[PDB]
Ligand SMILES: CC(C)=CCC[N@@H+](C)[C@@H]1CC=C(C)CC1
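Take a look at this single chain in structure tokens; it is the form solved without the ligand.
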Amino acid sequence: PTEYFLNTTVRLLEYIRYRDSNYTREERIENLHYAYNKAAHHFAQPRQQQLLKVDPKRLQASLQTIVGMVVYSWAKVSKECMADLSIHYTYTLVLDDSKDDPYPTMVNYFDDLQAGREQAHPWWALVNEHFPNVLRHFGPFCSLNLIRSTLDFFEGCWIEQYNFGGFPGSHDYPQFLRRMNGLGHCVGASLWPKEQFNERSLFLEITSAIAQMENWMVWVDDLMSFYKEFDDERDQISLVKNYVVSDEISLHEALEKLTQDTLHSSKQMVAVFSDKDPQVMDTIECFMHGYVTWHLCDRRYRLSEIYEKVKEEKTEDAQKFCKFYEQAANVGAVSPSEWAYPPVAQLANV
């Protein structure tokens, strides 16, 4: 519940050059609706309705969070791409929320796979069937990265169910699990649609982006999610918490290790890509600011509950905060009623 969030954020927004996202409320609304619309229609189909066991109210919320995440972060990709990426990252978020045991449905995973038989686990059944709509936007290398990260992610959610923060002294455990379910190579490779980027011409810059972006993305999220994952921790495990349990350190030391990493990550991100192919830098830069924007506005992070508490300050922290925060709401704050409609359950009913 600290206030250190200030120096961490500003240093974070000034390091990446958080000069707001790259859109106009008109354009943001344009993409949000097209994305939501196609995804909303997809999840409302009978087959998707039957195999994806999810509470409507929650699927609706999950879909809206993701479309936001995508449209706001993958700014330079086509409308179709944002939409297909929204369907995929919505499947991942729904899995992250399941409590069903993967074990029994994973017993004949390879043999069914190798044989081309529908997977026993319903989530694999749907995602794999839909996957081509995501992969059509990319070359073979980027596709491999999307496939692996999603397979890793599935193991991550498997492990994340034992709600294990690690054995004390198991120093390699924390980051092991975090990379496992961070979709780092999925996110980092989906930033390069073959339509505007050549996978062979920019192989090296793309590879480097996947390696560096994997940590920036997950770390920044863990950072923005601190004010969230504690005000109502439910036997929760998290990168920050697992550091405590495993490295045997205090919460302040933990959240400090993380913040130091995020800053170094941001620093090297600019140092390495600043002078590379301008189009690459542009996508990278839009993701960072957009990902930040999305975090500041989405309900899921309740970052609103830290506005007025510092909107009456006069320092170099609680002040350079809202100066940025506000910028977020100027384009990031958009009433759902302007794009998220009709609700999924409604299309499903018809």
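Residues carry their position along the shown sequence, with the first being 1.
The next section is about a form of this same protein that is not shown, the form solved in complex with the ligand.
Contact with the ligand in the bound PDB entry, judged by any heavy atom within 4.5 Å, is made by just one of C286, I66, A39, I306: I66.
For the options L146, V127, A75, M217, the residue carrying a heavy atom within 4.5 angstroms of the ligand in the bound PDB entry is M217. Of the candidate stretches 273-281, 175-183, 161-169, 193-201, only 175-183 contains residues with a heavy atom within 4.5 Å of the ligand in the bound PDB entry. Contact check for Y89: a non-hydrogen atom falls within 4.5 Å of the ligand in the bound PDB entry. Although the partner is absent from this view, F153 contacts the ligand in the bound PDB entry, with a non-hydrogen atom inside 4.5 angstroms.
Proximity of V187 to the ligand in the bound PDB entry: non-hydrogen atoms within 4.5 Å are present. The ligand in the bound PDB entry is not approached by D112, whose heavy atoms all lie more than 4.5 angstroms from it.
Contact annotation for 90-127: residues with any non-hydrogen atom within 4.5 angstroms of the ligand in the bound PDB entry are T92, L93, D96, listed in sequence order.
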